[PDB]
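Note sheet for the following structure.
FYI, side chains are in, hydrogens and waters are out, and symmetry mates aren't considered; it's all heavy atoms of this structure. Letters A, B, ... are given to chains in the order of the sequence lines, protein chains preceding strands, and every chain is numbered from 1.
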Amino acid sequence: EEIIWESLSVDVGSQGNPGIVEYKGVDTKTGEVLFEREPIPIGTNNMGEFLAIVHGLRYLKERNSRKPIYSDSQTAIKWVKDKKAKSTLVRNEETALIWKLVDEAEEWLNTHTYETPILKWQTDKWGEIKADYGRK
RNA sequence: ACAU
DNA sequence: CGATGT
Ligand SMILES: [K+]
Ligand SMILES: [K+]
Ligand SMILES: [K+]
Ligand SMILES: [Mn+2]
Ligand SMILES: [Mn+2]
Ligand SMILES: [Mn+2]
Ligand SMILES: [Mn+2]
Ligand SMILES: [Mn+2]
């Protein structure tokens, strides 16, 4: 309904899907970039969206912030809720890095707690999420 | 269909 | 146009 401006917004960016994956988190209110992940040579949009949320959870917990996280990815929000990233990406030598990061993110979710609300950014009403890469 |  | 997902 109304945007919660006191929040963290996260998003993936990619070159190809599967392709080079990165992500970032921004202050929804100002657009200040708060974190950015070094590009990963092969991954999927959804793996990156998932990593971005989990990193946001870890970022906010470390700073004792109760702000919610916005994501535009229905898939990744569900994967975080389930603590399980149900990616179809083949596990092979060239996808090993992204899969290691995904497996490590799931592992962190399974050994830590948080109350952070993870909210759907309503692109149809509000435009692109503030962490978007501007590539579409 | 919806979400990327 | 095509790929990732529920
Ligand atoms: K979008
Ligand atoms: K984009
Ligand atoms: K589809
Ligand atoms: Mn997105
Ligand atoms: Mn796993
Ligand atoms: Mn985007
Ligand atoms: Mn376009
Ligand atoms: Mn397009």
Side-chain angles (χ1 to χ4, degrees):
Chain A
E1 169 54 19
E2 181 99 46
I3 294 168
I4 299 172
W5 289 103
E6 187 175 319
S7 62
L8 172 68
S9 294
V10 305
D11 201 15
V12 73
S14 88
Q15 299 155 245
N17 185 34
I20 301 174
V21 169
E22 65 197 293
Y23 67 74
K24 79 172 169 290
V26 310
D27 187 316
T28 307
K29 195 189 308 262
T30 65
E32 179 184 353
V33 179
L34 301 176
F35 56 78
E36 290 186 277
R37 166 67 214 195
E38 178 181 289
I40 301 148
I42 300 292
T44 69
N45 63 327
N46 293 325
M47 303 170 100
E49 297 275 22
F50 171 78
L51 293 179
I53 297 171
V54 177
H55 193 77
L57 289 170
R58 298 180 71 168
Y59 177 87
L60 294 173
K61 183 180 181 77
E62 180 77 21
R63 291 159 186 67
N64 297 316
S65 174
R66 288 174 51 82
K67 290 176 186 179
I69 293 170
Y70 278 114
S71 168
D72 62 33
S73 172
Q74 181 179 123
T75 295
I77 293 170
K78 184 182 186 293
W79 287 359
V80 172
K81 179 180 182 182
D82 299 338
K83 305 188 170 192
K84 182 60 181 183
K86 212 172 71 179
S87 180
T88 68
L89 189 66
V90 61
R91 289 186 183 257
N92 64 26
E93 205 172 279
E94 67 185 22
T95 67
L97 175 52
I98 189 88
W99 266 117
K100 183 170 185 288
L101 294 172
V102 167
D103 287 340
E104 290 168 345
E106 291 172 339
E107 173 62 35
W108 187 89
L109 294 174
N110 284 330
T111 50
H112 297 77
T113 66
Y114 65 89
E115 295 179 31
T116 306
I118 299 169
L119 307 178
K120 180 67 173 75
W121 180 264
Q122 293 179 55
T123 304
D124 58 338
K125 296 181 186 73
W126 303 338
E128 293 300 318
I129 196 165
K130 302 314 186 184
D132 181 56
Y133 282 78
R135 298 167 176 176
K136 303 191 306 304

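Residue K81(A) qualifies as open at atom NZ: its count of foreign heavy atoms under 6.0 Å is 12 or below. For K100(A), the NZ atom is loosely surrounded, since the number of other residues' heavy atoms within 6.0 Å does not exceed 12.
For DNA chain C, the outermost nucleotides in 5' to 3' order that have an atom under 4.0 Å from a heavy atom of chain A are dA3(C) to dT6(C).
Under the 4.5 Å side-chain criterion, counting only non-hydrogen atoms from C-beta, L109(A) is not in contact with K84(A).
In summary, of the residues considered (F35(A), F50(A), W108(A)), a ring pair (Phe, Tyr, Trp, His ring centres under 6.0 Å) with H55(A) occurs for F35(A) alone.
Contact check on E62(A) versus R58(A) returns no salt bridge, with no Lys/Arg side-chain nitrogen under 4.0 Å from an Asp/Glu carboxylate oxygen.
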Give every pair of a protein N or O atom and an N or O atom of nucleotides 1-4 of chain B that lie under 3.5 Å apart, one pair per line with the distance.
residue, atom, partner, partner atom, Å
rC2(B), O2', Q74(A), NE2, 3.3
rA3(B), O4', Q74(A), NE2, 3.2
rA3(B), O3', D72(A), O, 3.3
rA3(B), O3', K120(A), NZ, 2.9
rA3(B), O2', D72(A), O, 2.8
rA3(B), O2', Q74(A), N, 2.9
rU4(B), OP1, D72(A), O, 3.4
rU4(B), OP1, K120(A), NZ, 3.3
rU4(B), OP1, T123(A), OG1, 2.6
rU4(B), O3', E49(A), OE2, 2.7
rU4(B), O3', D72(A), OD1, 3.2
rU4(B), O2', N45(A), ND2, 3.1
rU4(B), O2, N45(A), ND2, 2.9

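Checking side-chain atoms of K86(A) against main-chain N and O of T75(A) turns up no donor-acceptor pair under 3.5 Å.
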Just list the side-chain donor-acceptor pairs under 3.5 Å for residues 125-136 of chain A, sequence neighbours left out, or say none.
residue, atom, partner, partner atom, Å
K125(A), NZ, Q122(A), OE1, 2.6
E128(A), OE1, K136(A), NZ, 3.1
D132(A), OD2, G134(A), N, 3.0
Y133(A), OH, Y23(A), N, 3.4
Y133(A), OH, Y23(A), O, 3.3
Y133(A), OH, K24(A), N, 3.3
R135(A), NH1, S14(A), O, 3.1
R135(A), NH2, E22(A), OE2, 3.0

